[PDB]
Amino acid sequence: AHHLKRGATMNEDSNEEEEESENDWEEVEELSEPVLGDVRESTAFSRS
Amino acid sequence: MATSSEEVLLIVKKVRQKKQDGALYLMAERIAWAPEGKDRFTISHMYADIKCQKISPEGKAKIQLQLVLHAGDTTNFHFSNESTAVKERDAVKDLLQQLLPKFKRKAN
């Protein structure tokens, strides 16, 4: 099919904001590590 | 190590924004982009302001990454690097989404 953005000549001069498939992205979201305690190295202090 | 230093964690090549030639550099807490072969950066966003990022999958003539900022902004990055376009796309994706909630400044 055709690209849903460029319907006619608008910026084919510099080719900047005229056409782009910006309506088809696998939307990625802020991913965090599953942690329930930030003490895995501090606990390995062994002794003081 | 994430100490407000310009430590580029990931160096991405031939990245185009709206087809504009450039290079994408992922630092410790900020992601910046500057035209390829140019010393002056034009795009600079903090992970803190970015909420998420979407990646334009195969099937298109260009593999890309759009940055969705929780401030109401979006940055379309086209990976025009024939060598590692798709590969860089996912590496950037991961690194970015991994750091995204780590520097989240939306707690305000």
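Residues numbered from 1 in each chain as written, not as in the entry; some residues may be left out. Chains lettered and ligands numbered in written order. Heavy atoms only, no water.

- Its PDB header names solution NMR as the technique used to obtain the model.

1. Considering the overall build of chain A
Move 1: When helices and strands are tallied, chain A shows zero helices and one strand.
Move 2: Judged by the C-alpha coordinates and their principal axes, chain A covers about 70 × 25 × 10 Å.
Move 3: With an accessible surface of roughly 4000 Å², chain A has 55% of that area assigned to carbon and sulfur atoms.
Move 4: Considering chain A, the positive charge centre built from 4 side chains and the negative charge centre built from 16 side chains are found 14 Å apart. (Helix = DSSP H or I, 4+ residues; strand = E, 2+ residues; numbered from the N terminus. Areas by Shrake-Rupley, 256 points an atom, 1.4 Å probe, with all protein chains shown as cover. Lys, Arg positive; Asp, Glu negative; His and termini not counted. Charge placed at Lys NZ, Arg CZ, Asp CG, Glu CD.)

2. Section: unusual backbone geometry
Move 1: For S46 of chain A, which is not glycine, the phi torsion reads 70° and is therefore positive.
Move 2: Non-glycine residue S4 of chain B carries a positive phi angle of around 70°.
Move 3: Positionally, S4 of chain B belongs in the segment before β1 (10-12).
Move 4: According to the relative accessible area criterion, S4 of chain B is exposed, its value standing at 60%. (Buried < 20%, exposed > 50% of the residue type's maximum accessible area, 1.4 Å probe, protein only.)

3. Section: the sheet that holds strand β7 (residues 64-69) of chain B
Think of a sheet as strands paired side by side through backbone hydrogen bonds, with each pair either parallel or antiparallel.
Move 1: The antiparallel open sheet is built from five strands, whose spatial order is β1(A)-β6(B)-β7(B)-β8(B)-β2(B). Either end of the sheet is taken by a strand with one partner, and the two such strands are β1 (26-29) of chain A together with β2 (15-17) of chain B. Taken over all neighbouring pairs, the strand axes of this sheet differ in orientation by 25° on average, direction set aside.
Move 2: When strand β6 (residues 50-56) of chain B meets β7 of chain B, the two strands line up antiparallel, connected through six bridges. Among the inter-strand pairings, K54 of chain B is bridged to a residue of β7 of chain B, identified as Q66 of chain B. (Pairing = 2+ DSSP bridges. Axes fitted to C-alpha atoms, helices over the stretch in contact; angles between N-to-C directions.)

4. With respect to the pairing of β7 of chain B
Residues and elements named next belong to chain B.
Move 1: Among the six residues that make up β7, six are buried, leaving the element largely enclosed by the rest of the structure.
Move 2: The side-chain alternation of β7 yields two buried faces, one formed by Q64, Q66 and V68 and the other by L65, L67 and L69.
Move 3: In terms of strand pairing, β7 meets strand β8 (residues 73-79) through six bridges, oriented antiparallel. When the sheet's bridge partners are listed, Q66 is paired in β8 with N76.
Move 4: In this antiparallel pair of consecutive strands, β7 and β8, the connection spans three residues, and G72 shows a positive phi of 95°.

5. Focus: the interface of chain A and chain B
Move 1: Contact residues are listed per partner, giving 19 residues for chain A and 26 residues for chain B.
Move 2: Contact between chain A and chain B buries roughly 2100 Å² in total, counting both sides, with carbon and sulfur atoms accounting for 45%.
Move 3: It is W25, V28 and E30 of chain A that lose the most area in chain A upon contact with chain B, and together they represent 34% of the buried surface on that side.
Move 4: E27 of chain A serves as the salt-bridge partner of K54 of chain B, at 2.6 Å between the closest nitrogen and oxygen.
Move 5: Across the contact surface, chain A and chain B share 22 residue pairs in polar contact.
Move 6: Considered class by class, the residues forming the side of chain A that touches chain B number three nonpolar, three polar and 13 charged.
Move 7: Summarising the sheet, β1 of chain A and β6 of chain B pair through four bridges and their orientation is antiparallel. Residue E26 of chain A lies in a different strand from β6 of chain B, and its bridge partner there is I55 of chain B. (Contact = heavy atoms within 4.5 Å. Buried area = accessible area lost by both parts, 1.4 Å probe. Salt bridge = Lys/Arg side-chain N within 4 Å of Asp/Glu carboxyl O. Polar contact = N/O pair within 3.5 Å; in protein donor to acceptor, adjacent residues only side chain to side chain. Nonpolar A, V, L, I, M, F, W, Y, C, P; charged D, E, K, R; others polar.)

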